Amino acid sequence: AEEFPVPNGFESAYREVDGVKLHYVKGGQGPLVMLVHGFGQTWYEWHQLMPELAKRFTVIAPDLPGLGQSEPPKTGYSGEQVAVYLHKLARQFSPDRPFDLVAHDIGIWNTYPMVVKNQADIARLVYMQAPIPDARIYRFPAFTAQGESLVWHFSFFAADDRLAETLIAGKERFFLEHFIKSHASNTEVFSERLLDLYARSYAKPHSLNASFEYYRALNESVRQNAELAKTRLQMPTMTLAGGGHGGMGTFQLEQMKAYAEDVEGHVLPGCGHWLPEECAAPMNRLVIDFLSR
């Protein structure tokens, strides 16, 4: 049984990494690129970009531990702990060469530590629509004069006594449509059919809980990154952000400049958080062009 349709020419498979069975979808030939999804979604957010990349790269899209069809982590949900699983997974398929990395939303949180600790393994890096966890997140406002705070879900999801799982259980499809559309500019791409697929996956009880454990570990991840960030990233990096409702605008690039020596950034107008779906054509073009250099 597959939660999402595999593109033609790709395989759905599993690999045990440090005692955790990870699900992934893989296709193509050539140097490896790993695509890492974020909250509310799975490998499937990449399914339009994957066939295009697979024309010249080997492409792997895993499900984050506990999400999609991947088992929960055995160590923990902090960025440094999860990053181990993803780094070892990639190195099973690229043991002798650097690989490229694309990450969205908490995919950034779950990859930054292995990038900074294994810089020679990362050829090129693309990050979109999430802050790297650091002290900047403690200044984001809870409440805005216009639109909506992009950030109040940090506290909701991190609240103790399983607040979020307890309130959302039984209402998963409702909640997912609300939080996806509230963070989108081009809401019309989120058909009821597509929302059904995403909701069915994260409504699995262990996946609902896993989703929020990433936020419960966020303060730990901030403390981890305070040490890791004493070394800047050296490899070519590109940031993408939406310029519309739900987009991070100029923050994505401006923060990355503190972390990276070689970075270019783009803000996609009329696009919110969910760039692969809201703005597939320009986003795919930017990623393919950047990795094809």
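Superpose the two forms; the largest set of C-alphas matching within 1.5 Å is the rigid core. We number the residues from 1 along the sequence you see.
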item	value
Between 139-147 and 71-79, the one whose CA atoms sit farther away in 5 other deposited structures of this protein (rigid core aligned)	139-147
Stretch farther from the shown model on average in 5 other deposited structures of this protein, with CA RMS computed after core superposition (148-156, 184-192)	148-156
Stretch with the greater mean C-alpha B-factor as recorded in the entry, comparing 48-56 against 238-246	48-56
Stretch with the higher entry mean CA B-factor, where the candidates are 31-39 and 228-236	228-236
Per the PDB entry, maximal CA B factor within 80, 96, 192, 71	96
C-alpha B-factor winner, where the candidates are 116, 197, 222, 151	116
Cα B factor band for residue 19 (lowest, middle or highest third within the chain)	highest
Where the record places residue 139 (Cα B-factor, split into thirds across the chain)	highest
Third assignment of residue 288 from its chain's C-alpha B-factors	highest
Entry-reported Cα temperature factor of residue 63, expressed as the chain third it lands in	lowest
Chain third (lowest, middle, highest) by recorded CA B-factor, residue given as residue 181	lowest
